[PDB]
Amino acid sequence: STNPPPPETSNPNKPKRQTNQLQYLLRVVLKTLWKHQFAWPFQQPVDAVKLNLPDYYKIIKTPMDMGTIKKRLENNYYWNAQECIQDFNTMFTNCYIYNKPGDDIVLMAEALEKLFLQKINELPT
Ligand SMILES: COc1cc(C(=O)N2CCC(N3CCN(C)CC3)CC2)ccc1Nc1ncc2c(n1)N(C)c1ccccc1C(=O)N2C
């Protein structure tokens, strides 16, 4: 079995920026989720080989995870906050697509997403 290459975290052709909102996304939003007790499944790409999920990447064609997001933020990969917020949303969405209501992993995602929403509610404007 094989995992796909992970999402890129640097791109020499992609314009870079660090806005005050992107700084907040790294230093407040990502940091807060990363330290949460339920962060661990989301700190790296889904390893479909080690988790024995042979259909994961048949179903999920836009993978995302907080390890990737963290590196993107550290590299100033994003131009704007919305790109980063979209990556968080993709990560959560993938979990809900692949898994089922009431699954432990879904409950964990929901708790993290609630915290995510609380923190981005106060993005500096
Ligand atoms: C750090 O990477 C992982 C480690 C482990 C793992 O074996 N352990 C050791 C045991 C440990 N538990 C010990 C018992 N304790 C009560 C809770 C903690 C948790 C960590 C398990 C999963 C890991 N990564 C992981 N990535 C993405 C997933 C996913 N899993 N889960 C939960 C999924 C499982 C099935 C299908 C999909 C997923 C999934 O969507 N994601 C995001």
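Each ligand, and each atom within it, is numbered from 1 in the order the structure gives. Positions are given from 1 along the sequence.
The protein reaches atom 28 (C) of ligand 1 closely, with a heavy atom under 4.0 angstrom from it. The protein reaches atom 25 (C) of ligand 1 closely, with a heavy atom under 4.0 angstrom from it. In this structure, atom 2 (O) of ligand 1 is in close contact with the protein, since a protein heavy atom lies within 4.0 Å of it. Distances from atom 13 (C) of ligand 1 to the protein include no heavy-atom value under 4.0 Å. By the definition of a contact as any protein heavy atom under 4.0 Å away, atom 40 (O) of ligand 1 is in contact. In this structure, atom 37 (C) of ligand 1 is in close contact with the protein, since a protein heavy atom lies within 4.0 Å of it. Closer than 4.0 Å to atom 10 (C) of ligand 1 lies none of the heavy atoms of the protein.
Formation of a donor-acceptor pair under 3.5 Å by the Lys61 side chain with backbone atoms of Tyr57 is found in this model. Judged by distance alone, the side chain of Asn75 and the main-chain N or O of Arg72 form no donor-acceptor pair under 3.5 Å. Under the 3.5 Å distance criterion, the side-chain polar atoms of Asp103 are left unmatched by any main-chain donor or acceptor of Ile105.
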*Please assess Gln21 against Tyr78 for the test side-chain hydrogen bond (donor to acceptor under 3.5 Å, both in side chains), listing each intermediate value before the final yes or no.*
CA-CA 11 Å; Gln21 291 174 336; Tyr78 299 115; over 6 Å; no
*Would you sort out whether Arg17 and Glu83 count as a salt bridge (charged side-chain N to carboxylate O under 4.0 Å, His left out), showing the intermediate values?*
CA-CA 11 Å; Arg17 201 159 65 144; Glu83 288 177 80; over 6 Å; no
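Considering backbone and side-chain N/O atoms, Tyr98 never comes within less than 3.5 Å of an N/O atom of ligand 1. Some N or O of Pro41 is nearer than 3.5 Å to an N or O of ligand 1, by distance alone.
With hydrogens and angles left out, the side-chain atoms of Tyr56 and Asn3 include no donor and acceptor closer than 3.5 Å. Judged purely by distance below 3.5 Å, without hydrogens or angles, the side chains of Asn11 and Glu8 pair a donor atom with an acceptor atom.
Summarising the local packing, NZ of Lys31 is surrounded by 12 or fewer heavy atoms from other residues, nucleotides or ligands at distances under 6.0 Å. Heavy atoms from other residues, nucleotides or ligands lying under 6.0 Å from CG of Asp104 number 12 at most.
Of the candidates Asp103, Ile105, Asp65, the one placing a heavy atom closest to atom 31 (N) of ligand 1 is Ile105. Checking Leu51, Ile60, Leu53, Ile97 against atom 30 (N) of ligand 1, the nearest heavy atom belongs to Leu51.
At a heavy-atom distance under 4.0 Å, no atom of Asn94 approaches ligand 1. The side chain of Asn99, and not its backbone, has at least one atom closer than 4.0 Å to an atom of ligand 1 (non-hydrogen atoms only; side chain from C-beta on).
Annotation for ligand 1: atoms under 4.0 Å from non-hydrogen atoms of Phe42 are 42 (C).
Contact annotation: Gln44 has at least one heavy atom less than 4.0 Å from an atom of ligand 1.
Minimum interatomic distance between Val29 and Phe116 (heavy atoms only, all atoms of both residues): CG1-CD1, 3.6 Å.
Summary of contacts: the protein heavy atom closest to atom 17 (C) of ligand 1 is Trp40 CZ2, 4.5 Å.
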